[PDB]
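Given next, in structure tokens, is a single chain: the form deposited in one PDB entry.
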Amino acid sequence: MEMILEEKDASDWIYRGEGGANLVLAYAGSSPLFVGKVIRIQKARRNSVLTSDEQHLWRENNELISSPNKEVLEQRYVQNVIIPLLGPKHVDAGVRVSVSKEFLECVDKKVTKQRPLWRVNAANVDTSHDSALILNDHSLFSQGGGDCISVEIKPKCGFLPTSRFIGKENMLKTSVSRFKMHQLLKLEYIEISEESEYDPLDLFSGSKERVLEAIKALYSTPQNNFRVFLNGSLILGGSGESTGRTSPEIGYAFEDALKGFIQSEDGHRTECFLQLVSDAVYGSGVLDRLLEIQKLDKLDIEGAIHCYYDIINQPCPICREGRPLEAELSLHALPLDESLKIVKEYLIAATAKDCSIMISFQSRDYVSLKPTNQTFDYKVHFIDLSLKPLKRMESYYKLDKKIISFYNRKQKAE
């Protein structure tokens, strides 16, 4: 708190990774105050804290709407909205630290070369912020040996919407996962090299064989949904981006990176490690409660979009400029409060569709790996629990429309 980060401090942070909204740097200096810690720094596209409608939508959380900055905002969103839903056991909202404009600029330039080219094209750190978040580095087993192998999972959405507000033209959405569909669109725009083999419904099934099936699939095609770290260094997956298919070569390096930690012989350490991850995922049941919060998206976007316009007090352009008689009347007949509720719960779900899980292993919650004769303690943590902006409802609808439209045309080539 009393700590204010300056330009010299910037030499003491290395590139860890990034998503779309934040840059994350690992500590690599000496100070006893930041050892075993990571820093989360908000980005701005190339191209005050809450909008008027946002202040309205979130009125039920007074602490949240009076947040002096977007760093406090996130902190309070986790603490006062996501925790009551997820539980505090595996959730850390982090600690604020005052930062200088110069620190931000120097760290911005420092890491540039370690960033993916397309990431740099789209956004850099927001240097107008006077704040950042310090978090426990989850690739270290606990604060204050030996080796720690850490696994990050981005599960995405693990259920299927029902047809009440999905017209027959988009019927596939009720039988094919958003994840599997987005794949084709992404491949088309060259945002990935191949289609994933990961099915989120498998991971969320609560069935052990299907959870192990998902892990194997996540190993084969990690993309941006699977990362492995050895004592804080990336040994599988992409750095701030999606990575391609696991080649025999990435297979060798990772298998060999596992000696010391997993005791097998020889090229079977991978198999047993996947088993390990799979056993920790199922046995902790940490996914079940995440699914419950994803299911707060009760109506799908094709439903919720209508409530969105009532909330912003705007003549619905979907019901207008579409066929009358196909105007979604039941939704618009709702009391304001129900409409506000539905869209609030839609945003929260979107947080849960887009967050990540980090699992920390060390040799001795535990897993008894039979095929190696080892025992591993684990720790589970939810990360990347960002507040989604209200105005994004419109782009969600447009992206969704684009997803199913592209997927239909591809399927129609029968």
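So that there is no doubt, residue numbering starts at 1 and follows the sequence shown. The term rigid core refers to the most C-alpha atoms you can superpose between the two forms while keeping them within 1.5 Å.
Note that the form deposited in another entry isn't included here; everything after this is about it.
After superposition on the rigid core, the C-alpha displacement between this form and the one not shown reaches 2 Å or more for just one residue among 251, 283, 232, 116, namely 116.
The Cα shift for residue 10 between this form and the one not shown, taken after rigid core superposition, is 2 angstroms or larger. Relative to the superposed core, residue 197 undergoes a Cα shift smaller than 2 Å between this form and the one not shown.
Here residue 242 counts as shifted, since its C-alpha moves by at least 2 Å between this form and the one not shown after the core is aligned. Distance between the C-alpha atoms of residue 180 and residue 241: shorter by at least 3 Å in that other deposited form than in the displayed form. In that other deposited form, the Cα-Cα separation between residue 250 and residue 118 shrinks by 3 Å or more relative to the displayed conformation.
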